[PDB]
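Peer 1: Just the first chains of my complex for now:
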Amino acid sequence: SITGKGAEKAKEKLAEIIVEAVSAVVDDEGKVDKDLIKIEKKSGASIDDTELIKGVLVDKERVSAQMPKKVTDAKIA
Amino acid sequence: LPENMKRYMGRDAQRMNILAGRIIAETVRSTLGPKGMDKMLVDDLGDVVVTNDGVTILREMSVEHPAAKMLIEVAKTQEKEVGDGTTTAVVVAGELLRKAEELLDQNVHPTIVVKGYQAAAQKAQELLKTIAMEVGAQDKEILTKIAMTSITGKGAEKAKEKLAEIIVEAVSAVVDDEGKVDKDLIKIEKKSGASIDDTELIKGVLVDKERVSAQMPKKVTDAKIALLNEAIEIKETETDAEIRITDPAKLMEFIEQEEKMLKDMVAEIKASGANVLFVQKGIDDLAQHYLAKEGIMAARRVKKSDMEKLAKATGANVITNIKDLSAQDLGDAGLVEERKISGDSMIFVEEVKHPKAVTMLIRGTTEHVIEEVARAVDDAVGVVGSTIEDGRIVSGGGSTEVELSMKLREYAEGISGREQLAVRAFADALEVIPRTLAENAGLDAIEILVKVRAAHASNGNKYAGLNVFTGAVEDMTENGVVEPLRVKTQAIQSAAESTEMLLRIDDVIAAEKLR
């Protein structure tokens, strides 16, 4: 499915990542829930640096720099 | 018939794309090299800018054609934004588009043209790796020749070697422990008057502003700097209030009460222990008094670009609310001084906490060359940074393009398959560069091409090119004309990708609100 769409350098790498993400979201019924997999895109580096993240990604900055850059054991509102 | 009708509109549409792409290439083509011609940009308002910097033209042009917009974008964007060969790429792309028209008329399918160009482009990459010369990132002489090569023809001839040394000195400072060069850490500032000989390097960040009140100190040492992104004014209630005065004695009391507020704001700032203050917005005239009376050097309505570089340099945090201001949020600078220069005055921030901040102050007599030298230094910073990171260079002056061209025609003889036609085209196309370089020097571009080819023949000199000053074919390495490897590689890749895009687009379709 990916062939010819512009990856063409590491196809299989990107494919292995897809397979892993899809294999994880199979529920007890055996059906696949697509909504849990989000696809994000950002410039720089190269497709070889494409990575799979075990959480959700937001493109935003903390509204005030005075807020902590890093938070552990986060309770999110 | 309906669907055979689209095929006629499409194949014309693709040819119209190439046509637009070729026109974009030709508009900038004459600007390449030491002798490169400059173009005059004019807008609706009537004011004009004259520059030979091709990227500035492509960026500032009036381009209306979607294929032209796309070709510019693909070629302009690069993996390493540090260094500019982009104009050279656009020119090669436009030549590659010319050749592709002929292959298409001969019934070579577009994918086969792409297959040849991709094959030829990769082979060019490898050849560049083998021809390149390695240099030490700590070698100052080579970095200087890199700069002089990029600066040649940009209008500072007597200041060329001096200005190059300053650039190398400036770039060498920003090399981190990683060995990588951060281009944002080098700041280029420009103001007219005096002469280009007076161009100087400042060890801190420079802001062009005047102290908001002359009553404030011009100079502050051991500065604790506060960066405020909020205007200093009388604070309105967001809740939409009005005020009624029943007593004439109270008419002054309100004025005096709001005056007290301004005192209270200034006191809170002084309470953090800040000597110097920069604000992106405005300062009430009366609050300006109390800041001066409190001995604080302040400036109002500062540009946001200055605000961020001050924050990164001094370690201060940009602050949205006066309540956020704390001693920890302050930046540190050894000296903050408003200094008078030939033309005007400006605020220097020097002896900064983080040594990474550095500023290139470019002087000169006429502003239209000031912008030009400014634009040239940005590229010169680019090529030098790439040289420090990669540590590989190639001979300039079109010598590299001629070598690649011959080696690719050689490689094309090896191809067994239908894409052979495209590889020679890619090979032939690269020769536009030296040919352009030769004609901008007032010479016969064809004889120079043949003379340079002859130097690269047999075994030959891979560095041989035309010396525009002596008019003879010479070894470009011995003449010190050199440019980063990354420049040539990024140029071929961008040239090939941008041309591959237009070549891969068959139809153009009207759309509804894309972005």
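Peer 2: Alright, I've got the coordinates. Numbering: from 1, shown residues only, chains lettered A, B, ... in the order given.
Peer 1: just the strands in chain A please.
Peer 2: Secondary structure of chain A (DSSP state E): no strands located.
Peer 1: got the residues of it near chain B?
Peer 2: Applying C-beta under 8 Å from any C-beta of the partner chain, we find that chain A lies next to chain B at A:46, A:64-66. (Each C-beta comes from the backbone N, C-alpha and C, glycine too.)
Peer 1: out of the residues you listed, what pair is the most spread apart?
Peer 2: Largest separation among the residues of chain A next to chain B by C-beta to C-beta: A:46 and A:66, giving 35.0 Å.
Peer 1: okay, those two: which has more neighbours?
Peer 2: Legend: neighbour count by other C-beta atoms under 10 Å in any protein chain shown for residue A:46 and residue A:66, higher for residue A:66 (16 against 9).
Peer 1: residues contacting that one?
Peer 2: Neighbouring residues of residue A:66 by C-beta atoms under 8 Å, 6 or more residues apart in numbering or on different chains: B:317, B:319, B:324, B:329.
Peer 1: Filter those down to the ones in helices?
Peer 2: Among the contacts of residue A:66, no member falls in helices (DSSP state H).
Peer 1: Just want the phi and psi numbers for the spatially most distant residue from the centre of chain A.
Peer 2: Distance from the C-alpha centroid of chain A, by C-alpha atoms, centre = their mean, peaks at residue A:66 (28.0 Å). Recorded main-chain torsions at residue A:66 are phi -70, psi -10, according to degrees, to the nearest 10.
Peer 1: Also the one 3 residues further on?
Peer 2: Note on residue A:69: its backbone torsions stand at phi -70, psi -30 [degrees, to the nearest 10].
Peer 1: could you measure the nearest residue to it once chain neighbours are set aside against chain B, distance?
Peer 2: The shortest distance from residue A:69 to any non-neighbouring residue, by C-beta to C-beta, 6 or more residues apart in numbering or on different chains, is to residue A:62 (7.1 Å). Distance of residue A:62 to chain B, computed by C-beta to the nearest C-beta, to the nearest Å: 12 Å.
Peer 1: while you're at it, add chain C from this line:
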Amino acid sequence: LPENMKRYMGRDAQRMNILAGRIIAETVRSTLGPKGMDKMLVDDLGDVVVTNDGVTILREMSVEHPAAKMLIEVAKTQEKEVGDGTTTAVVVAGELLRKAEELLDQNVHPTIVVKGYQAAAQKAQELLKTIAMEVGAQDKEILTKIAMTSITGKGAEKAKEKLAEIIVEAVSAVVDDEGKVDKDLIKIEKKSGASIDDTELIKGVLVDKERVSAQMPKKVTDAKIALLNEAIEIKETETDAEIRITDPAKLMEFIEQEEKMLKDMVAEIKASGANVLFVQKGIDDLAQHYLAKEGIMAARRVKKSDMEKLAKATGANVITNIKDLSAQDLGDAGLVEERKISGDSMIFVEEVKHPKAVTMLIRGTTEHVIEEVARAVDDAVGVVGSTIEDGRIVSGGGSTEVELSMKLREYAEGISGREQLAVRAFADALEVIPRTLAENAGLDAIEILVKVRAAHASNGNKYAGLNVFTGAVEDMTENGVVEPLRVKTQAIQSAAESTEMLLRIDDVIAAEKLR
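Peer 2: Adding chain C to what we have so far:
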């Protein structure tokens, strides 16, 4: 073909650029020299300006063509600012552009034409150094001859020598210990009535205003001057308040309260000890009374340029807020008096603190010669000052250009290369100056050119030129017709650079929101 199409559009564009520059040159060409013709400028509103000052035309023209705007900018801006050589640069430039057309038609590439012009311009620079004559910066008689030469033909003919001495004395006063001349300290003022014989030199700064209230004193001695950049009015609450009056007794009570406020503001002003007050903004009518009752001479709505020249002259500080005004901030002047000139009236500030500050008050019957003499005097201040700094002069009246042209034709025979053709052209181009000078005098421009060439023949006379008054070729030094070296070099430099710009621009491209 697409890319061969652009090359024809660009060539049209360059020919149109050269065409556009030549028109600008011819529009101002006849204004050169003592007999220079003057042009009548008219605008949309219908009012007109008739002037012989070419720089004024180039500045006030309605120029629509981008190439003309650029040629004006490059030629107009010059280092050290002499001021009378700009038009000569433009005229020579237009002649170089004419020559360039023929050279381009002959298939001389632009860079080779530039190569020739650059070579010839430098050789001209060197020749000027050797032809120049050194004079003492303290020599007043030659400085007067500099002045008379520059003012000649501007309509001051009767009073030329007197007015020249006034210029020399005015410039001689502002020379600092460094030896440099500060132009900003000399102010040029103009008012109608009387005659140019009544032009006088004032030892202080002059302001054109009347005292805001006739009740104020016309004359003040030992004045303590206050410069206020803030309006004197009732201060509104920044919070936007309204007022309600329930009691008829209070309706006066509020009015009386505002009266108290204005008294207190005036009281604070007198508390600083100011005799005289200048305000860049306006003064409330009632405050005018309270200022008069306190014996303070005040003027409202003063131009900021006046505020700035007053501050440096008297030593006062411009003050934005009444709270900042203090006795230390006041300026000192021996006499401040409002006097009536023929016609209206003005405030003279004399016996000022700063001895360098000086003002030239130019009188005369007709305003269009008044403006013209003013414009003339401004150039003479520049022209005389340059001689004091440089200490070198050359013979005027076209002698220099004829010497340079012939020596350059001599130099051109020595050049072996393609730019020789451009060198000979550059030499021929300089002949436009004496030829123009001769025709403005009502003579045969060609025979005068030949006679002057003949005078420069053999070892001849390097100073020989046309005396427009006697109509014969004479020694310009013995006739006292001389002008600074710096003007001639800057004119040669400006003429060469401006043409070099147009020659390097091959295409003109449409842009969007350039600045």
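Peer 1: Around chain C, which positions in chain A sit nearby?
Peer 2: Proximity of chain A to chain C, by C-beta under 8 Å from any C-beta, involves no residues.
Peer 1: For chain C, what's its nearest residue on chain A.
Peer 2: Relative to chain C, the nearest point of chain A is residue A:43 (25.1 Å; C-beta to the nearest C-beta).
Peer 1: So what's the residue count around that residue?
Peer 2: When neighbours are counted by other C-beta under 10 Å, residue A:43 comes out with 5.
Peer 1: and if you look at residue A:65?
Peer 2: Residue A:65 sits with 15 neighbouring residues when counted by other C-beta under 10 Å.
Peer 1: residues contacting residue A:56?
Peer 2: residue A:38.
Peer 1: now swap in residue A:9 and tell me
Peer 2: Applying C-beta under 8 Å, 6+ apart to residue A:9 gives the contacts A:46-48.
Peer 1: Touching, residue A:11 and residue A:3? I think so.
Peer 2: Yes: judged on C-beta atoms under 8 Å, residue A:11 makes contact with residue A:3 at a distance of 6.5 Å.
Peer 1: neighbour-wise, which of the two wins?
Peer 2: Using other C-beta under 10 Å, the more surrounded residue of residue A:11 and residue A:3 is residue A:11, with 14 against 9.
Peer 1: Skipping adjacent residues, who's closest to that one in space?
Peer 2: Spatial nearest neighbour of residue A:11, excluding adjacent residues (C-beta to C-beta, 6+ apart): residue A:2 at 5.6 Å.
Peer 1: now residue A:51
Peer 2: residue A:17 (7.9 Å).
Peer 1: List the residues that contact the nearest residue to residue A:52 once chain neighbours are set aside.
Peer 2: Spatially, and ignoring its direct neighbours in sequence, residue A:52 is nearest to residue A:17 (4.9 Å; C-beta to C-beta, 6+ apart). Contact analysis of residue A:17 by C-beta under 8 Å, 6+ apart lists A:50-52.
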